[PDB]
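What follows is a structure written as structure tokens; I'll ask about it next.
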Amino acid sequence: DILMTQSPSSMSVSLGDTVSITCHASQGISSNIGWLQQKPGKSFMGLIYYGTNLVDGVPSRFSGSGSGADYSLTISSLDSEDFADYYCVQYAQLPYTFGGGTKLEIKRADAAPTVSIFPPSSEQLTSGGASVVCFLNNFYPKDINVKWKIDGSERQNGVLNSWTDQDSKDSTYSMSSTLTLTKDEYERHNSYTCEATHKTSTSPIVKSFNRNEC
Amino acid sequence: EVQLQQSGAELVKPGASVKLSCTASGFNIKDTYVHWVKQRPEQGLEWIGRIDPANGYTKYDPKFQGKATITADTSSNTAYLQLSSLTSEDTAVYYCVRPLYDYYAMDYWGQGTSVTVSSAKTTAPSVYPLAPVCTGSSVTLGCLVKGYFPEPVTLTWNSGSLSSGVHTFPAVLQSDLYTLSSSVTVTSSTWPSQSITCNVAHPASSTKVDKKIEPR
Amino acid sequence: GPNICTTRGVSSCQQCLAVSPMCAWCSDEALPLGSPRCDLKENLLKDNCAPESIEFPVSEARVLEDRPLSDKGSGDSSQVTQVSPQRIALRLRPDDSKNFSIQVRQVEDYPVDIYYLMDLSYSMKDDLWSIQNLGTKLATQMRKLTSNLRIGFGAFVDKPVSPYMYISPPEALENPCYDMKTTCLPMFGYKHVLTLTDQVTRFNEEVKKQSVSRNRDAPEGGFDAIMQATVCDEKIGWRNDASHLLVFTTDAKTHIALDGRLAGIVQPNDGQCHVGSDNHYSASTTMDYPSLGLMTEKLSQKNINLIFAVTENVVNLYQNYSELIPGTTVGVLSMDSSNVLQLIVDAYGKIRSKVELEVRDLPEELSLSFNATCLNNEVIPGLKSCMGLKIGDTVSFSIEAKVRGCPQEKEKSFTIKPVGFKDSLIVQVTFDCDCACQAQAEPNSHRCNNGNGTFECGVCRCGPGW
Amino acid sequence: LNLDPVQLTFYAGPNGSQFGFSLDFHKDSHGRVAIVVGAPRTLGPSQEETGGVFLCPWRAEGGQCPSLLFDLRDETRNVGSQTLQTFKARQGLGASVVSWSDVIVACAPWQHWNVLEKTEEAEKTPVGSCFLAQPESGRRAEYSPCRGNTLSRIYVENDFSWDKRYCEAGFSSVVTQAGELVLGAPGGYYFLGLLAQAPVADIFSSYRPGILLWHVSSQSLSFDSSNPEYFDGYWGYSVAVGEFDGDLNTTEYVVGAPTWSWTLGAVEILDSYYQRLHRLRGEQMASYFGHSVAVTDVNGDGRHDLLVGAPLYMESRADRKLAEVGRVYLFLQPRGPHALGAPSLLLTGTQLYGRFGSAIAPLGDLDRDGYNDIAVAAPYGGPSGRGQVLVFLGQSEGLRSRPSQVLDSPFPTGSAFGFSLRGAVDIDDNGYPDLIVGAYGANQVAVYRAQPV
Ligand SMILES: *[C@@H]1O[C@H](CO)[C@@H](O[C@@H]2O[C@H](CO)[C@@H](O[C@@H]3O[C@H](CO[C@@H]4O[C@H](CO)[C@@H](O)[C@H](O)[C@@H]4O)[C@@H](O)[C@H](O[C@@H]4O[C@H](CO)[C@@H](O)[C@H](O)[C@@H]4O)[C@@H]3O)[C@H](O)[C@H]2NC(C)=O)[C@H](O)[C@H]1NC(C)=O
Ligand SMILES: CCCCS(=O)(=O)N[C@@H](Cc1ccc(OCCCCC2CCNCC2)cc1)C(=O)O
Ligand SMILES: *[C@@H]1O[C@H](CO)[C@@H](O[C@@H]2O[C@H](CO)[C@@H](O)[C@H](O)[C@H]2NC(C)=O)[C@H](O)[C@H]1NC(C)=O
Ligand SMILES: *[C@@H]1O[C@H](CO)[C@@H](O)[C@H](O)[C@H]1NC(C)=O
Ligand SMILES: *[C@@H]1O[C@H](CO)[C@@H](O)[C@H](O)[C@H]1NC(C)=O
Ligand SMILES: [Ca+2]
Ligand SMILES: [Ca+2]
Ligand SMILES: [Ca+2]
Ligand SMILES: [Ca+2]
Ligand SMILES: [Ca+2]
Ligand SMILES: [Ca+2]
Ligand SMILES: [Mg+2]
């Protein structure tokens, strides 16, 4: 099968910028390539077919180019609607194959995350479980790491993470991390910590608490 | 206008089978090829196969050979994708695709059919209030919605009142049951001065529990 | 008493004869003034007119060549007589008529040419097997009817050009049966195989080496082959004095004129021979199929009897074509040509079961009538064709020629010939309208108004210029 | 009657190009009349016959014409694990040309096509193709509705149903007033013959170079058949349009099938959904009844009338003998919803092999008497066999039985003078409709200007 290496995985840009997505095939496909657009939480829209031909209804600010095994989708003057996912697909050979994808994200000034830790509720503890929740809200860029430390020692089993799409208002990202232990195991230890590592600070942002103590 | 209108979201058990539909709107399904594409967050887009509804001849990626069966009924102007011996990995979004002009292109896409394979029964969520620990100018509360099935759930604060400054995170599958959470941020003069309630509705089990956040 | 000859009041001997075939003229000098010199021949002699001065032509018809009808067409270098008499002299005066007879015989043991023109498309693959001893068995059966049999063989498929011809893959050109599990010949339009010969085993052995080809559409290009087998006299080998049987066998419809445009061919068929030393029809891919009218013209020109030996599924089609090409015979060919032998023998008998008279070069002023005598001395008036005849039978026709007035040319000749026959009756007509006394006239006669007139046949005529 | 046979205008193309095989009048956006001339054996780039098109500006002197350029390069596309191939050698570009609005449609009925998939193939066959041009803008488009990508083995396994591989699309052509191109494909459906229609605007808007296989969703194709009456009938040998059902909002098609029903021949009138409304059967087998069809109202009742040429009709003569001279049939459209009856008039040629009826051109109203007229071609008629064009004038009862004027070929023997005709257009703007006559055998076109009576 023909591998479609699409680059970059993502890019942070602003309105009016001229950006270019590239797609490399494992062999010559002679312009038998299409470009796709998937707006967040919605279906797909055809942009280009056969290398350079616009799909009916697509603005001319979109354009496709390339030959052999190297192709490019260029968007001149980005519009607020253009921030979405983009995929290349080759149909030179069966089976058809797609690229990894490219996400256009809004660029803005860096922003440190607001960290907040939350001990298990009374209700959950009386049922036999225990979950410590750590909220990391409104930060930029998206690249971030969360580390759970029980009594200062890292913990990786039982962690459950979830991220939000780029916010519409402030164009920031937010993350949620939930460590779930049993009630019995939760009481074997005292200190619970979540460390946030973001490029806005060389030192990790730390927030923690101690069981029983309040 | 060309429109591909697929079937509703399917919720099935492992080992069973499901038949998705893709109905042509504003054109004859017999006109062009009809493809099927599988989408997953990690694995990405995957081509399943195609059918010529005019004659019923099909093509398949050898990966899906066995599980995927593509058929079409020109009478009802509909194409079908049947998936057999379902597995957790078959949980994905499925699209039917047809070209615009180029015989071999992939230009028009249906809205997509959601498929979720699980043995979980209709389980109601467990709502837990998230109060901070025993200081600043801004305060952040939370609400945990653990162990429900299937999706989705609606989460508001004070019955849609407190909307701005809220982050409801996407659900995550935890051992055949979903887990969701949401945070809200206001000033210190607001809480605990003003009652803040987490309203969680799970229409599947028809439950609307509401937990009030209480300090420690 | 006075008749139309006198009451007309003629001026000259010529005008007298033009009144009626019964009128006569007296050129005698000693004739009373009141007595008319244009009356019945009996009245002139009654009026003491010198018999030598009487101009009274009598329409006659005497035979010049009257060879007897042959009892056998065998032997001789074609000294056979099948029409008697072969030549007569006919003399007619104005508005008169005369009768004469003609005998036509279907002579026994007459030489026969049989050229086997065969569809060799893939649908005829099994037919080839049936006819591997045909030349032998056909010689055995025709030996009872003729001692001078010559046979030959030709083959056709269709125009070797797309879309009739498969042109892919490259192997398909060398072997059209490539996509199947067999081999067949490359496509060919028409190829001459065997010139007409009395060596019938040549037919068998040539046929044993023949094989079929294959093309894309069911209608085949046999009409191209019929044209070439007709107009390529020297190559096919037709004999001057022989019955020409062109046996056309096929199991399919046929392409016709203006079909060639589906191959980009628009040039009309020229009706000329295009089969060279390689024995293939070289204009197959550059010249359109011939039209029914053009085929008819050549078949008639070369005295070729075309036989449609076709299968039941297309008999009606070819019967309908046969009606548009007179003289054509149709026979029902079995699905493997296993019955083609008896089919040919019956066609030959049906071909020689008719005698139809035909008139060539008849003057405008001459009209003819025919009384036919067929079967057993049974006169059939107004008929010039006999049917239901057998080899050896003889028929006869009574003929009457009627001339209207007198034509400018006094000597013309025309031909009575049966359809498809070699021999014919030549009628040499002479129009006796003038008088012998005119050849001895007297221009500027002293007897006619002081030289202002001419004295001929005993009277004075106004000279030239008056 | 009033065509000028003294002062002609001659256009000419290269030798052996068959310049004048097809022709048509063409008006530009400004209403200026030109003459589009097809030359289906014009040499291409590889010194091989591919055909060609010429756009002749109107000049009383005539002369040479500039080419209307089209892509003559063979095409290859490797897509979908297949190889698409077009072959333009001997394709016959210009075997038919037709003009509508400011657009020219020139077709290559013998353009070949093939699809390769590993060891298998679709087979190299003449699907035909048409080329569209907007000369003033330079816009180009193609239309080849019978191209497919089905492998040969599949047609065998399905008993050769819906087999459009030998269509020869564009063999004949016509465009409705609404701008819908209608192609004759006499080889479609294994030589039954089919029709392909698509709006010109959609042909242009859905075409892109290098695709080779694309969809024109608004197109409409006729249907295959199992009735042997249609086998080898060459349905679509000739085509024409007109109004025959009383509904002015619908356009009716007229299709010639000159070998329909075992070469009896036929002409069918159908609606835009290819549903049969009328069928005229040939009078005589192999006469090629339906070789040409013409639609025009000749008796001035506003109802379109039908003319059918059978150029190989054999007239009966004395002593039970037939003579091929050709025949033309006139069918007057009856008032209201009724079937076309027996022919209202029979016109029969006189010259042996003259092929009277090979082409029938509506002339409009030539002598300006209120009745439309026609020209009939006998490309090998006349006392010399050089070819003749005969003008018949319309009248309240149909057509005159005797020609008002005869145009003898000005070209040498073999020019096929009259093989293509076109009238009903005033090219010199004198208020009288004129006649252009193609003579591909001499690679020339003659223009006859109508003059005051
Ligand atoms: C070879 O040539 C023969 C001879 O011409 C053709 O046979 C003819 O085929 C025609 C079309 O199939 C037939 O026309 C029909 O005549 C019918 C009844 O009249 C006939 O009466 C004669 C008495 O002489 C009989 O032989 C016949 O059997 C019939 O009884 C009509 O009823 C018939 O129906 C009409 O159809 C037409 C369409 O064609 C409609 O317009 C009309 O509304 C009505 O439905 C039709 O007119 C003709 O009878 C027939 N002749 C003979 C002698 O059989 C073959 O078709 C030709 N074959 C090939 C392969 O070329
Ligand atoms: C079956 C195709 C080729 C047959 S062949 O190789 O034996 N050639 C014959 C001629 C022939 C061609 C076609 C044919 O069937 C035509 C099939 C028509 C079926 C179509 C008709 C239109 N509707 C769809 C089905 C029959 C004979 C030979 O003698 O070389
Ligand atoms: C053909 O036979 C007809 C009779 O069927 C002949 O016509 C008759 O000829 C005799 C001559 O003795 C007349 O007495 C009759 O009055 C004629 N009958 C007619 C004219 O009806 C005719 O002469 C014969 N013609 C030929 C050429 O043989
Ligand atoms: C003409 O007919 C008569 C009988 O009426 C016959 O005696 C005579 O022989 C015929 N003439 C010829 C030349 O045969
Ligand atoms: C071909 O074209 C030339 C013009 O170059 C012309 O003079 C000639 O007569 C034509 N015929 C042949 C046989 O060359
Ligand atoms: Ca054939
Ligand atoms: Ca056989
Ligand atoms: Ca209408
Ligand atoms: Ca009318
Ligand atoms: Ca008029
Ligand atoms: Ca004019
Ligand atoms: Mg055959």
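To match Swiss-Prot, the residue numbers of chain C are left as they are there, and the shown ones run 27-492.
Per deposition record, X-ray crystallography, 2.6 Å.
Backbone N, Cα and C atoms are what each Cβ position is placed from, and that goes for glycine too.
Per Swiss-Prot, the features are:
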- C:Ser147, C:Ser149, C:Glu246: Mg(2+) binding site (BINDING)
- C:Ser149, C:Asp152, C:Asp153, C:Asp277, C:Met361: Ca(2+) 1 binding site (BINDING)
- C:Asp184, C:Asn241, C:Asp243, C:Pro245, C:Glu246, C:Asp277: Ca(2+) 2 binding site (BINDING)
- C:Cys31-C:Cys49: disulfide bond (DISULFID)
- C:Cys39-C:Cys461: disulfide bond (DISULFID)
- C:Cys42-C:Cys64: disulfide bond (DISULFID)
- C:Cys52-C:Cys75: disulfide bond (DISULFID)
- C:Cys203-C:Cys210: disulfide bond (DISULFID)
- C:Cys258-C:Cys299: disulfide bond (DISULFID)
- C:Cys400-C:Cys412: disulfide bond (DISULFID)
- C:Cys432-C:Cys459: disulfide bond (DISULFID)
- C:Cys463-C:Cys483: disulfide bond (DISULFID)
- C:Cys474-C:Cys486: disulfide bond (DISULFID)
- C:30-76: domain 'PSI' (DOMAIN)
- C:135-377: domain 'VWFA' (DOMAIN)
Check each of C:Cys75, C:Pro245, C:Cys299, C:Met361, C:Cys459 (the recorded positions) against chain D and write down, in sequence order, those whose C-beta lies under 8 A from a C-beta there; write 'none' if there are none.
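Filtering C:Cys75, C:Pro245, C:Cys299, C:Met361, C:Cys459 for a Cβ under 8 Å from chain D leaves C:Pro245.
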Which one is it: of the recorded positions C:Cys31, C:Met361, C:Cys400, whose Cα lies the shortest distance from the Cα of C:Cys459 (disulfide bond)?
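The smallest Cα gap between C:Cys459 (disulfide bond) and any of the recorded positions is with C:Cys31.
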Give the sequence-ordered list of residues that share a chain with C:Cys52 (disulfide bond), lie 6 or more positions from it, and have CB atoms under 8 Å from its CB.
C:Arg63, C:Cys64, C:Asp65, C:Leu70, C:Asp73, C:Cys75, C:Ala76, C:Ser79, C:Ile80, C:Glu81, C:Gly484
Please give me the binding-site residues out of C:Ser147, C:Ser149, C:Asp152, C:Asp184, C:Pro245, C:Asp277 that lie within 10 Å of C:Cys203 (disulfide bond), comparing Cα atoms only.
none
Could you find out if DSSP has C:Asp153 (Ca(2+) 1 binding site) as helix, strand or coil?
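The residue in question, C:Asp153 (Ca(2+) 1 binding site), is helix (DSSP, three-state).
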Going along the chain, which residues six or more apart from C:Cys299 (disulfide bond) have their CB under 8 A from its CB?
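The list for C:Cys299 (disulfide bond) reads C:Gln254, C:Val257, C:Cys258, C:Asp259, C:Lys261, given in order along the sequence.
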Taking DSSP states H, G and I as helix and E and B as strand, how many residues of the domain 'PSI' (C:30-76) are helix, strand and coil?
17 helix, 5 strand, 25 coil
Closest to C:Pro245 (Ca(2+) 2 binding site): which of the recorded positions C:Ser147, C:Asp153, C:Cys412, going by Cα position?
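Of the recorded positions C:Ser147, C:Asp153, C:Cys412, C:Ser147 has its Cα closest to that of C:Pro245 (Ca(2+) 2 binding site).
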What are the other residues, in sequence order, whose C-beta lies within 8 angstroms of the center of the C-beta atoms of C:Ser147, C:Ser149, C:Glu246 at the Mg(2+) site?
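Not counting the recorded site residues, we get C:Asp145, C:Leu146, C:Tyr148, C:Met150, C:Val183, C:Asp184, C:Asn241, C:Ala244, C:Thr276, C:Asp277, C:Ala278.
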Just checking: which of C:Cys31, C:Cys49, C:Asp153, C:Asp184 have a Cα that is within 10 Å of the Cα of C:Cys42 (disulfide bond), counting only these recorded positions?
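Checking Cα-Cα distances against C:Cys42 (disulfide bond), the recorded positions within 10 Å turn out to be C:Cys31, C:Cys49.
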How far is it from C:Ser149 (Mg(2+) binding site) to C:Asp277 (Ca(2+) 1 binding site), counting Cα to Cα, in Å?
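Spelling it out, the Cα of C:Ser149 (Mg(2+) binding site) and the Cα of C:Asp277 (Ca(2+) 1 binding site) are 7 Å apart.
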May I ask which residues of the same chain, at least 6 positions away in sequence, place their Cβ under 8 angstroms from the Cβ of C:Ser147 (Mg(2+) binding site)?
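Listed in sequence order: C:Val183, C:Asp184, C:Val238, C:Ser239, C:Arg240, C:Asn241, C:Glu246, C:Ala278.
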In the three-state scheme derived from DSSP, which category covers C:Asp243 (Ca(2+) 2 binding site)?
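Assignment for C:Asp243 (Ca(2+) 2 binding site) reads coil.
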Whole-number answer please: how many Å between the C-alpha atoms of C:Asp277 (Ca(2+) 1 binding site) and C:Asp243 (Ca(2+) 2 binding site)?
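About 13 Å separate the Cα atoms of these two residues.
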Is it possible to get the count of other C-beta atoms within 10 angstroms of the C-beta of C:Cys461 (disulfide bond)?
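The answer is 21.
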Neighbour count, 10 Å Cβ-Cβ cut-off, for C:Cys42 (disulfide bond): what number do you get?
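Within a 10 Å radius of the Cβ of C:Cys42 (disulfide bond) lie 25 other Cβ atoms.
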